[PDB]
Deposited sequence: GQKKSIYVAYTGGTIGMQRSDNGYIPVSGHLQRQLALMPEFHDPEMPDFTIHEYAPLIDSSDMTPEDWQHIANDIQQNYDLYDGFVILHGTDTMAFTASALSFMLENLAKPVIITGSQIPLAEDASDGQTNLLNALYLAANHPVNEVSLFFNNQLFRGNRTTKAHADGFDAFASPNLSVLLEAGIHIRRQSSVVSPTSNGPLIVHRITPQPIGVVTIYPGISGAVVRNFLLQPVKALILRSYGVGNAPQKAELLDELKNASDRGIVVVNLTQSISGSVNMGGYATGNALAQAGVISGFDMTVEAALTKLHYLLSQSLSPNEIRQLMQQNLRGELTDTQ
C-alpha cells in the first residue's frame, strides 16, 4: 500500500479564520483531516503531515526556503512513494520550477499544491487539491515536480500564474540516487522591453549587483544593443523570452549583442534556472550554454 509524505511548508490551506485574517495554528491541518473520511478511503494512500515552523510566507520567501524544502524531500526520499508539498498559492510555480532543477535523478512524484481558503471552509478547493495530489502522487506517478491546481496536473517548470485569484503551462500540454543541488539568492533583473525604452533606463537595470537579466521582448536601437553587449562582455548573462502569453523566441541583432534565447521557457523557469546555474561554479559562457539546453523539461528546442 502506497505511503505519501506531505510537507505543510506554508499557505492558507492549514490556517484558521480569525477576525484579523487567516492565522497559523500548530497541527490544525491534520486535526481537520482526521475528521474527513474521504482522506481515509481504502483506495487512498497512507500519508503523514510534517509542519514547518515558522510556516513559509509564500509572498515573502527566498531561495533558502527552496533549499529547505528540497533538503526535507531528500531526508524522506527513501521512506515514501511520493511527496506532496503544501505551499502558498502566489509563488507555488516558482517553488515548483526551482525544485525541478535542484532535484537531479528524481524517480518519485513530487506534487506542489495549496489553496487560498482554509480547507474546511465551503469555498475552499483545499480538500479537492490535497485529495487529488495524494491520489496522483501514489497511483499515476510522473517522476517529476508537478503542480496541482484548478483541477489539473501541470509540469512544475512549465506552469505560470493564469488568473489573479490560477495556473497554466501555456507551452506544454497538461499532464492530466537522489542528488540535491545547492541554490542561493542571486541578483537577477526580469524586465519588459517596450517601444523606445531608453539607454539610461536599460543601463540602470545592468548596474551591480546584477549577474543576469531576463528580457521579456516582442513576439535594432543602437543604445539598447550597445548596453546589452557591454553587459555580456563583462560576464552578465542576458536571456531573451519572447514575452507574450505563449510560444517561442527564434533568434540576429540580439544574438550579436551576446543575448541568448530562452526559447518558450516561462518567466518562473528562466528565473529559477538562472538561480540554479549561477549558484554552481560555472562561468558566464557555461551558464549561457546550459540556459539554452532543456535540463528538466522546461524548454522546447525541436
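Show which contiguous pieces of the deposited sequence have no C-alpha coordinates, counting from residue 1. Unobserved in coordinates, per deposited numbering: 1-2, 168-170, 182-200, 244-248, 281-286, 338.
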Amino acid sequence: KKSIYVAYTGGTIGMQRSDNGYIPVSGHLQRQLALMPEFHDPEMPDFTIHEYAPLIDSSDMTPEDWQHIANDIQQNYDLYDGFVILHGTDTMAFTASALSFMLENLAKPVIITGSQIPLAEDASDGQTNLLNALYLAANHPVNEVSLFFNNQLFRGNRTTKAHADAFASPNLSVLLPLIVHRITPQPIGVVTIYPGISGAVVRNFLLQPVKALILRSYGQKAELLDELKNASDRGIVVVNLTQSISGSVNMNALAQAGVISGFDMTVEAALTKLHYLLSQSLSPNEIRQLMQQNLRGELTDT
From here on, numbers count along this sequence of modelled residues.
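Between 67-75 and 124-132, point out the one with the higher average CA B-factor as the PDB entry records it. Comparing 67-75 with 124-132, the higher mean C-alpha B-factor belongs to 124-132.
Which is higher on average in the deposited entry, the C-alpha temperature factors of 84-92 or of 226-234? According to the entry, 226-234 carries the higher average C-alpha B-factor.
Please pick out which of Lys211, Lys108, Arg155, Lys161 has the largest Cα B-factor as recorded in the entry. Comparing C-alpha B-factors across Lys211, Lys108, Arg155, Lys161, the top value belongs to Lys161.
Looking at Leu277, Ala253, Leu55, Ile49, which has the highest CA B-factor as recorded? The C-alpha B-factor peaks, among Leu277, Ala253, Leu55, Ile49, at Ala253.
Looking at the entry's B-factor column for C-alpha atoms only, identify whether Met291 ranks in the lowest, middle or highest third of its chain. For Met291, whose C-alpha B-factor we compare with every modelled residue in the chain, the answer is the lowest third.
Third of the chain's Cα B-factor distribution that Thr184 belongs to, per the entry: For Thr184, whose C-alpha B-factor we compare with every modelled residue in the chain, the answer is the middle third.
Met61 - which third its CA temperature factor falls in, relative to the rest of the chain: Answer is middle: the recorded C-alpha B-factor places it there.
Report the third (lowest, middle or highest) to which the CA temperature factor of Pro24 belongs, ranking only the modelled residues of the same chain. CA B-factor rank for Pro24: middle third.
Determine, from the deposited record, the chain-internal third of the Cα B-factor for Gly114: lowest, middle or highest. CA B-factor rank for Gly114: lowest third.
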